[PDB]
Amino acid sequence: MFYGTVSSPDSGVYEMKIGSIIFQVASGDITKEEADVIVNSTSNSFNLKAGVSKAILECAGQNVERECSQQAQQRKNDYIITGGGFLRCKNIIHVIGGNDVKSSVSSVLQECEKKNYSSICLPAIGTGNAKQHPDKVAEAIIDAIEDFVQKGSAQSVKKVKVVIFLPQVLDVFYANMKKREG
Ligand SMILES: CC(=O)Nc1ccccc1O
Ligand SMILES: [Cl-]
Ligand SMILES: [Cl-]
């Protein structure tokens, strides 16, 4: 059930179908990507600037930084949605790196359906400052997408891409895809 075949459409990029969704992984700088939503993996204060969060907040700009701290003071949030600033996206969804990764990805998918968005790009959530294990993170991200497909929830969402800072973490994601393939 659900899983297609792993192939490489471009050097260093690997993909497979999960239901109707194209799931892709690659190594690189996520701030150079274009997608409807880019995901940030941050602290429970939404003001971290270390690792992926440093690159995202510096490239998005000061207006996005201020939107984050404004929402953080308003209520207790599991995640926040801001504009894209100077990134090539419509919105940034800022998730907490130390939280359950399957839950965080499920929330991102649901928010993207609510906006009728088609494409998402995320980092290896939790593997930076939060120091979650890469094998557990890969299993959680792919499980969230499988659950979303099984429930019949994929309508607008067509492409989910993980852009991963360390090539060694990319290798862990690729092995998990091969374990699942049809
Ligand atoms: C998960 C995470 O923070 N990754 C990352 C991305 C870019 C630079 C440094 C990094 O550690
Ligand atoms: Cl993290
Ligand atoms: Cl990453």
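Counting begins at 1 with the first residue of the sequence. In listed order, ligands and their atoms are each counted from 1.
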- Any idea which atoms of ligand 1 are less than 4.0 Å away from a heavy-atom of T127? 1 (C)
- Message: With heavy-atom distances below 4.5 Å as the criterion, would you say the side chains of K76 and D78 are in contact?
- Response: yes
- Does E139 come within less than 4.0 Å of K136, counting only side-chain N to carboxylate O? no
- Closest non-hydrogen protein atom to atom 7 (C) of ligand 1, residue and atom name please, with distance? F165 CD1, 3.2 Å
- Message: Tell me the protein heavy atom at minimum distance from atom 4 (N) of ligand 1, and give that distance in Å.
- Response: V52 CB, 3.7 Å
- Message: Can you report which non-hydrogen protein atom sits closest to atom 11 (O) of ligand 1, along with the distance?
- Response: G51 CA, 3.8 Å
- Task: Report yes if the side chains of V163 and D29 come closer than 4.5 Å at any heavy-atom pair, otherwise no.
- Result: no
- Item | Minimum-distance pair of heavy atoms, taken over all atoms of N91 and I81 | ND2-CG2, 3.8 Å
